[PDB]
Amino acid sequence: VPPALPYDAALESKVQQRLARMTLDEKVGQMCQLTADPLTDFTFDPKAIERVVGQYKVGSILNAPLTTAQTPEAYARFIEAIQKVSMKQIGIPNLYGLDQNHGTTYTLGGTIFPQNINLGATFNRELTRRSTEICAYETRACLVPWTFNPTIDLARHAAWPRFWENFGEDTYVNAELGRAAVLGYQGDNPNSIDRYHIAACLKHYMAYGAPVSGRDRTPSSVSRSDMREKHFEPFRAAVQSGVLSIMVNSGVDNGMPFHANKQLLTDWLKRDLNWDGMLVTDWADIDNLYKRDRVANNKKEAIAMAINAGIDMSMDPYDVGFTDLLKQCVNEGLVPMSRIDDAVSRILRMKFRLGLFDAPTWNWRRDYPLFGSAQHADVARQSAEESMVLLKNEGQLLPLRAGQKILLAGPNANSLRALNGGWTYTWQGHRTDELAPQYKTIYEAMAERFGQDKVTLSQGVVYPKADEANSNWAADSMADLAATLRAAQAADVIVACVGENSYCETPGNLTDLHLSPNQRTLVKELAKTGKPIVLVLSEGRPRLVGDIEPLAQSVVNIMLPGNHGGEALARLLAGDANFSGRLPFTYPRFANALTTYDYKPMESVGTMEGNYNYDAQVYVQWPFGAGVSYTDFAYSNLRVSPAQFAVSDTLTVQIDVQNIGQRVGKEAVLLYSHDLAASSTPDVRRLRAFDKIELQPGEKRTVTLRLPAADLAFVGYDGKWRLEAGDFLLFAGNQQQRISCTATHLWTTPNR
Amino acid sequence: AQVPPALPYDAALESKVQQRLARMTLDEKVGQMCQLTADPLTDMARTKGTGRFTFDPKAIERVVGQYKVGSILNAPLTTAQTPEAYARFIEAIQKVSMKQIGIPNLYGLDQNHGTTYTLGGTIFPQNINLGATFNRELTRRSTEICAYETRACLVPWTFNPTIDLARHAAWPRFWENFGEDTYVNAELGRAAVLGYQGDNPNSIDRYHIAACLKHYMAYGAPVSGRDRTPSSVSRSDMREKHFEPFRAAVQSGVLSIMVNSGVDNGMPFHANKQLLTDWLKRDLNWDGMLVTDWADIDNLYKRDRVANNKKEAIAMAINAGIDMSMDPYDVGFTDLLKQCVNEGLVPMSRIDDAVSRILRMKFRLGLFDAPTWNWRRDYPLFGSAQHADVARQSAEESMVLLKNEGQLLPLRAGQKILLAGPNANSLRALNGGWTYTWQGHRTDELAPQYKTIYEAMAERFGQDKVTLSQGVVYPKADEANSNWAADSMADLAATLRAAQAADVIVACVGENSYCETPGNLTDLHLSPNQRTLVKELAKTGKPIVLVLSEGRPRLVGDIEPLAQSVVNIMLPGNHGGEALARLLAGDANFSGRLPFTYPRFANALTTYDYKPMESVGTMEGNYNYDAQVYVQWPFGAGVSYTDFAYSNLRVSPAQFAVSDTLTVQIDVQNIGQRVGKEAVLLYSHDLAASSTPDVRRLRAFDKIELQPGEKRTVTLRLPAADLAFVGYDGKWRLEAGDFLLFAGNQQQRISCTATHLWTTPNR
Ligand SMILES: [Mg+2]
Ligand SMILES: [Mg+2]
Ligand code: NA
């Protein structure tokens with residue numbers, strides 16, 4: 001297959017000319033990545049930089065100094081010092097990386113976007129691209145040319161604490177928005193990423209979000225068809241768009257740590273996809289091979305196993321001794337020089353693509369005036385608005401009106417930490433209200449929009465301040481419930497903001513998906529006042545709320561909309577904006593009946609032979625794609641041509657969508673398929689395409705979607721792709737159309 | 001390359017099979033592959049008019065004589081019947097079969113814990129309880145008794161043992177197997193097969209029956225826990241864990257196997273030629289009879305839509321290796337299979353092999369020479385006290401004392417005992433599903449002569465010392481058992497007044513009976529009413545013995561701290577009340593051990609054989625893994641009224657290779673004051689491996705009875721190849737490097753000195 005990134009002879013000549021000049025010490029140093037802590041005396045230590053970079057030849061540094069967000073100036077002066085030693089002693093520029101994963105996670109003042117789960121709910125490729133383009137600009141303003149993003153793990157277990165870091169439970173959404181994210185970060189030329197753009201990094205390759213138990217970094221048990229058809233597909237898709245780097249899943253599947261899995265790292269990914277990018281470990285995961293999983297007896301053997309499996313750079317991330325042990329591997333014949341040379345070739349190639357040899361630093365004081373601008377914040381607020389899902393709205397309770405006295409209650413009502421979640425200024429997000437109080441909480445934005453005299457704050461339940469480890473992220477407590485109920489009696493409408501406080505990775509593991517008991521009791525007691533309730537779900541995971549949903553006339557899921565989510569929510573609740581978000585996952589009802597939308601027919605209740613109207617409503621609080629608007633949209637006249645088709649065809653799908661209500665609004669248009677009979681029992685529905693359009697009242701538009709016939713193929717039992725003769729249904733809104741594949745096509749190549 | 005036949009080659013047997021096959025018409029062949037329930041032979045109108053089971057002789061003549069159907073299954077009216085009622089029915093079936101076909105009918109029943117569907121027979125603990133006994137000999141004796149009492153019905157076949165691994169605590173079929181562990185299900189499945197069939201699979205006499213392993217395979221690992229929803233089993237787990245009990249029990253000569261109704265990796269097992277024909281029949285060289293589960297050929301086209309119609313579904317399943325279709329209602333199966341043959345969708349070679357396997361099974365059971373036999377005279381021990389004694393001992397050995405603070409148990413004379421909770425006075429509660437009816441929902445109505453917990457406690461401690469006041473009550477089941485999960489508060493205040501007057505409260509909580517998909521649950525927690533009951537009882541200040549009476553380990557973490565003693569009785573059957581009363585009185589000593597992990601939290605489910613990365617806080621170079629934060633009680637938990645000390649673990653040879661068999665000796669001493677049994681469990685851990693190694697694996701067990709002060713050496717034999725694992729490529733390997741063996745708190749390091757890589761699919 002053609003190279004994932006275009007062949008460039010001049011680029012390869014620079015790579016090989018530099019490789020030919022390097023000592024073994026310099027080669028192993030390029031493969032070593034350390035965090036900023038070994039360089040920290042925020043004050044850095046010049047002697048530490050000379051040692052780590054000058055003596056040990058370390059080629060990459062990552063992370064926020066002091067593990068907390070810093071200003072662009074603080075990063076710039078630090079990286080200037082790093083680059084001075086790197087160019088003088090090595091002649092190869094350092095590669096600095098940050099986990100800038102919803103805007104500038106680790107840069108104070110930068111534009112903070114909704115988390116990726118929210119962007120999934122926007123179904124909006126261009127808005128996703130615009131956000132990572134803004135993130136790229138604001139990260140280069142720190143002299144940083146690389147983000148470890150996008151995360152495109154499939155969200156396959158609602159208990160997993162990293163549920164909210166990806167674009168949701170669906171393969172196609174993660175593939176398409178992952179591509180849009182890569183394009184926004186990197187721009188349109190992977191071989192020349194200018195100084196407004198940064199290297200992207202897909203993570204965490206792969207199946208990281210399917211742990212059997214839901215606990216982070218515990219084994220998955222992914223089926224043969226699922227591994228290729230679903231978990232691999234977003235990585236394959238975004239590799240095809242030219243991503244410069246990929247980070248490997250820390251965990252384990254079928255007893256095999258991914259960091260030791262040569263078949264998946266080298267064969268499926270680098271070789272099959274002909275991808276010449278740079279493959280980095282996740283944090284300390286070479287250490288994990290011997291300490292955690294005991295597939296190696298010591299660190300030397302762990303390094304050899306990971307590097308031979310295809311790893312190019314180790315996020316060690318603390319010990320310069322990695323370089324000594326890798327040299328021992330080479331000297332003892334455990335790793336061949338061909339593998340070292342190839343790894344360094346990939347690292348150098350990435351550095352050349354970022355322009356770092358010619359510009360290891362650049363004019364950060366002058367060239368980034370839009371950093372943290374209101375113009376950038378407008379895009380974040382739009383993203384936030386388009387992500388919020390109106391799940392229920394009985395009796396036109398929303399939008400709220402002038403005059404109405406509003407009570408804001410719940411532990412998520414007056415907190416920026418709650419709006420942002422984890423990966424915000426600190427890893428756990430546990431200091432956001434302390435570090436960036438200038439941004440607007442839900443309460444502050446509601447008070448500004450509706451008037452201080454109309455908006456009263458009485459939480460009833462509060463979160464404590466996090467300890468340093470954020471060990472108390474799940475804690476909350478009742479706080480003068482009596483006063484809160486009195487305040488509810490005095491109001492016209494209650495906006496109750498419940499869900500989760502912030503957490504990240506394993507510290508956020510949970511043991512029961514239910515919403516916390518105090519927050520359940522709060523909403524039940526508010527309901528007894530007889531006042532109408534707008535239930536706002538503010539959370540990284542879809543915590544169970546089936547016992548309080550019947551009490552709420554309206555329900556809004558804001559997930560984790562970031563610094564501008566309060567502003568956005570106030571505009572939606574006021575009717576300045578119109579809801580258009582749609583759930584990018586299944587919201588479960590019960591702790592031990594978890595399902596996704598793309599389930600098998602045998603899991604349906606009641607479906608009769610020859611029907612395809614499957615029913616999971618007794619198990620699903622709200623389904624994938626749920627969401628309503630303040631206006632109404634009618635779909636009609638679904639057309640598909642050619643209706644008889646084979647693998648070489650492209651299907652042209654057209655659906656008419658009319659705003660039949662009184663408000664302008666956007667509508668995400670989602671196209672599903674179902675294979676009516678198959679040699680592997682067929683998923684009841686699969687999302688195959690989507691678009692999003694804005695319609696004036698009364699306006700009708702034809703939406704056209706192009707669907708290659710091969711997108712109706714599936715991975716059969718033998719692990720190979722096949723498109724089978726037989727019928728399918730395509731679905732758009734409540735419209736459906738039957739089509740027929742006239743001839744079976746079996747692939748012999750690993751990918752279609 | 002070929003392994004020896006799983007069942008010994010018998011020239012005379014094959015000659016009988018081939019001579020009979022050569023005489024048969026195509027109609028007779030497809031008839032032999034068709035199995036129907038008793039319902040098409042039941043006169044429905046006259047059954048309802050009289051209330052008694054009535055069969056229709058004209059229906060027998062049609063189904064057997066005209067459509068040549070070769071097997072009938074199930075309890076008439078799907079309700080247990082007397083041996084005499086079965087016998088008259090089967091006599092009528094055999095009369096038509098022998099006259100019109102010349103091939104005896106093969107009748108099958110799901111006799112899965114004693115005689116499920118025979119009134120008056122001996123009902124044993126369910127298999128999950130037998131797992132808890134760690135007692136091969138009791139397991140074997142129970143299925144010998146079941147075989148005897150099933151032959152007394154003129155029935156020569158049970159669809160058992162069930163040896164699914166219990167990998168998901170929410171699965172409603174959790175209690176039908178021997179628990180979550182591979183080795184337990186392998187060993188007790190072999191013991192069960194030996195008990196049912198006896199020691200010669202080619203000549204099963206008239207006190208023994210054909211066994212049937214089910215449900216092949218990975219049936220108990222649905223991702224969501226819901227019955228008949230997809231599993232997603234890893235390549236190493238499928239061969240190492242799910243296949244292994246079937247492999248082991250095939251080597252013990254099982255006559256028949258039934259396939260998993262469900263799906264793994266998108267593939268119905270009933271359409272999976274690789275697993276049915278290649279892994280099983282071919283690789284194991286097994287000449288037995290492979291039967292579908294209920295209506296599962298229909299499921300291929302109706303439920304899973306991997307076939308477009310029943311004809312295509314039949315061809316797929318038969319070509320995949322199915323020999324007999326449990327249709328179970330339509331004689332038209334024979335017409336459709338004949339159509340497959342005439343259209344060339346199924347080759348005659350596959351028909352002739354399937355019929356050969358069915359005929360072979362019929363000859364092994366002696367059915368051509370003896371299609372019926374002297375049921376009136378030859379089974380005088382049916383329902384005897386001798387048989388009941390074995391059921392009561394298996395019930396006793398199954399019950400697990402999980403907590404016993406302050407020597408609350410055993411109870412003593414003079415104590416006024418209150419029995420509370422909705423499981424305190426129910427035979428349905430004691431038996432669970434698959435008892436007299438499929439859902440088990442009529443057992444107190446149908447068999448009131450057996451003793452509930454309350455009845456057995458009152459008889460043992462004195463009627464004047466035992467009081468019943470439940471506080472929470474299960475409703476009577478509707479016909480579909482749609483309300484098995486419901487319960488109701490029942491004048492709690494009066495029960496609390498009764499508790500204040502008692503000296504000790506025995507609170508019996510858990511689940512009512514259910515079976516298969518009707519029993520699916522949505523939250524593992526114990527019901528809210530039963531939680532409230534125990535909390536309100538605890539406020540009286542009286543000591544509570546908490547009795548867990550249930551098919552699944554429902555979460556009880558909020559009430560476990562309130563109970564001074566906790567006993568898990570699982571589903572101990574008709575003699576479980578009697579057994580519990582003996583244990584609580586101290587007539588017997590507790591010896592049961594949990595054969596599964598009891599979870600604490602609904603979204604933190606785990607088994608004992610987990611990976612190191614799942615352990616909390618284990619240091620490099622250490623092997624003392626910890627999951628207590630997530631486990632209410634672990635696999636192997638259980639205490640005794642006495643104490644046992646383990647010492648002097650020794651292994652020889654300690655440096656070994658794959659050809660070696662390790663002799664493992666551990667000394668066990670009763671250091672308390674009461675006689676008791678102790679199950680002795682031997683685990684291993686591979687200290688480093690090319691696939692991350694399970695933290696513990698059970699490799700051997702025994703069970704011994706020790707007087708106070710008595711020490712005994714226990715000797716266990718461990719083939720070196722039992723320490724191999726299925727590597728990432730799906731192949732077995734035993735790698736050079738160190739292992740630890742564990743018994744009690746003792747451990748010993750051993751070293752494999754050379755790697756052995758298997759090229760064959762099995763070791
Ligand atoms: Mg099809
Ligand atoms: Mg080893
Ligand atoms: Na009774």
# chains A, B, ... in the order shown; residues from 1 in each chain; ligands from 1
call {"tool": "residues_near_ligand", "arguments": {"ligand": "ligand 2", "cutoff": "7 Å", "atoms": "only C-alpha atoms and all ligand atoms", "output": "PyMOL selection string"}}
result
chain B and resi 686-689+735-739
call {"tool": "write_last_selection", "arguments": {"atoms": "N, CA, C and O atoms", "output": "CSV table (one decimal), in the first residue's frame"}}
result
chain,number,residue,atom,x,y,z
B,686,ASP,N,3.2,-18.9,38.2
B,686,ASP,CA,4.4,-18.9,37.3
B,686,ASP,C,5.0,-17.5,37.5
B,686,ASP,O,4.4,-16.5,37.3
B,687,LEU,N,6.3,-17.4,38.0
B,687,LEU,CA,6.8,-16.1,38.5
B,687,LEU,C,7.1,-15.1,37.4
B,687,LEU,O,7.1,-13.9,37.6
B,688,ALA,N,7.3,-15.6,36.2
B,688,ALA,CA,7.5,-14.7,35.0
B,688,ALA,C,7.2,-15.6,33.8
B,688,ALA,O,7.5,-16.8,33.8
B,689,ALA,N,6.6,-15.0,32.8
B,689,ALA,CA,6.1,-15.8,31.6
B,689,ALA,C,5.9,-14.8,30.5
B,689,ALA,O,5.7,-13.6,30.6
B,735,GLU,N,7.5,-23.0,30.2
B,735,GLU,CA,8.7,-22.3,30.0
B,735,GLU,C,9.7,-22.5,31.2
B,735,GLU,O,9.3,-22.5,32.3
B,736,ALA,N,10.9,-22.6,30.8
B,736,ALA,CA,12.0,-22.6,31.8
B,736,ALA,C,11.8,-21.4,32.7
B,736,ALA,O,11.5,-20.3,32.2
B,737,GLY,N,12.0,-21.6,34.0
B,737,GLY,CA,11.9,-20.5,35.0
B,737,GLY,C,11.3,-21.0,36.3
B,737,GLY,O,10.9,-22.2,36.4
B,738,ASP,N,11.1,-20.2,37.3
B,738,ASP,CA,10.6,-20.6,38.6
B,738,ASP,C,9.1,-20.5,38.8
B,738,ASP,O,8.4,-19.7,38.1
B,739,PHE,N,8.6,-21.3,39.7
B,739,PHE,CA,7.2,-21.3,40.0
B,739,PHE,C,7.1,-21.3,41.6
B,739,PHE,O,8.0,-21.8,42.2
call {"tool": "residues_around", "arguments": {"residues": "residue 552 (chain A)", "least_positions_apart": "2", "cutoff": "10 Å", "atoms": "only C-alpha atoms", "output": "ChimeraX atom specification"}}
result
/A:392-394,494-496,523-524,527,531-536,548-550,554-555
call {"tool": "residues_around", "arguments": {"residues": "residue 515 (chain B)", "least_positions_apart": "4", "cutoff": "6 Å", "atoms": "only C-alpha atoms", "output": "count of residues only"}}
result
3
call {"tool": "atom_distance", "arguments": {"atom1": "CA of residue 314 (chain A)", "atom2": "CA of residue 200 (chain A)"}}
result
17.2 Å
call {"tool": "interface_residues", "arguments": {"of": "chain A", "to": "chain B", "cutoff": "7 Å", "atoms": "only C-alpha atoms", "output": "PyMOL selection string"}}
result
chain A and resi 213+218+221-225+254-256+291-297+511-513+590-594+601-603+609+677-681+717
call {"tool": "write_last_selection", "arguments": {"atoms": "C-alpha atoms", "output": "short mmCIF file (atom, residue, chain, number, x, y, z; two decimals), in the first residue's frame"}}
result
data_model
loop_
_atom_site.label_atom_id
_atom_site.label_comp_id
_atom_site.auth_asym_id
_atom_site.auth_seq_id
_atom_site.Cartn_x
_atom_site.Cartn_y
_atom_site.Cartn_z
CA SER A 213 -13.90 -4.87 34.67
CA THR A 218 -6.71 -4.01 33.70
CA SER A 221 -10.68 -9.39 26.28
CA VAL A 222 -11.36 -8.10 22.77
CA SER A 223 -12.78 -10.46 20.15
CA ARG A 224 -10.95 -11.10 16.90
CA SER A 225 -13.50 -9.25 14.76
CA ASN A 254 -5.15 -11.83 25.96
CA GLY A 255 -2.31 -11.85 28.47
CA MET A 256 -0.05 -9.68 26.25
CA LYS A 291 7.63 -4.77 37.47
CA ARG A 292 3.88 -4.87 36.81
CA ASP A 293 3.23 -7.74 34.39
CA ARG A 294 6.31 -9.92 34.93
CA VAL A 295 6.74 -10.76 31.24
CA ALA A 296 10.42 -9.74 31.70
CA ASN A 297 12.87 -10.39 34.53
CA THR A 511 -16.94 0.50 42.10
CA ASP A 512 -20.56 1.38 41.44
CA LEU A 513 -21.89 3.43 38.53
CA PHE A 590 -28.56 -0.36 35.51
CA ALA A 591 -25.16 -1.25 36.95
CA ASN A 592 -25.21 -4.87 35.70
CA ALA A 593 -26.95 -4.42 32.33
CA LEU A 594 -24.37 -2.44 30.39
CA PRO A 601 -29.77 -9.21 17.57
CA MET A 602 -29.88 -11.91 20.30
CA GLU A 603 -29.57 -9.11 22.87
CA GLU A 609 -38.32 -12.94 12.48
CA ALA A 677 -28.27 -11.56 7.48
CA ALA A 678 -24.54 -12.39 7.75
CA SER A 679 -22.07 -15.20 8.40
CA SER A 680 -21.27 -13.47 11.70
CA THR A 681 -24.42 -12.33 13.48
CA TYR A 717 -14.85 -15.01 11.97
#
call {"tool": "residues_around", "arguments": {"residues": "region 533-535 of chain B", "least_positions_apart": "4", "cutoff": "9 Å", "atoms": "only C-alpha atoms", "output": "ChimeraX atom specification"}}
result
/B:420-421,471-472,489,492,507,509,528-529,539,544,546,558-559,562-563
call {"tool": "residues_near_ligand", "arguments": {"ligand": "ligand 1", "cutoff": "7 Å", "atoms": "only C-alpha atoms and all ligand atoms", "output": "PyMOL selection string"}}
result
chain A and resi 675-678+724-728
call {"tool": "closest_residue", "arguments": {"among": "A:650, A:274, A:124, A:101", "to": "residue 152 (chain A)", "atoms": "only C-alpha atoms"}}
result
A:101
call {"tool": "closest_atom_pairs", "arguments": {"of": "chain B", "to": "ligand 3", "cutoff": "8 Å", "atoms": "only C-alpha atoms and all ligand atoms", "output": "CSV"}}
result
residue,atom,partner,partner_atom_place_in_ligand_line,distance
B:427,CA,ligand 3,1 (Na),7.5
B:444,CA,ligand 3,1 (Na),7.5
B:447,CA,ligand 3,1 (Na),7.5
B:448,CA,ligand 3,1 (Na),4.2
B:449,CA,ligand 3,1 (Na),4.4
B:450,CA,ligand 3,1 (Na),4.3
B:451,CA,ligand 3,1 (Na),4.2
B:452,CA,ligand 3,1 (Na),5.7
B:455,CA,ligand 3,1 (Na),6.6
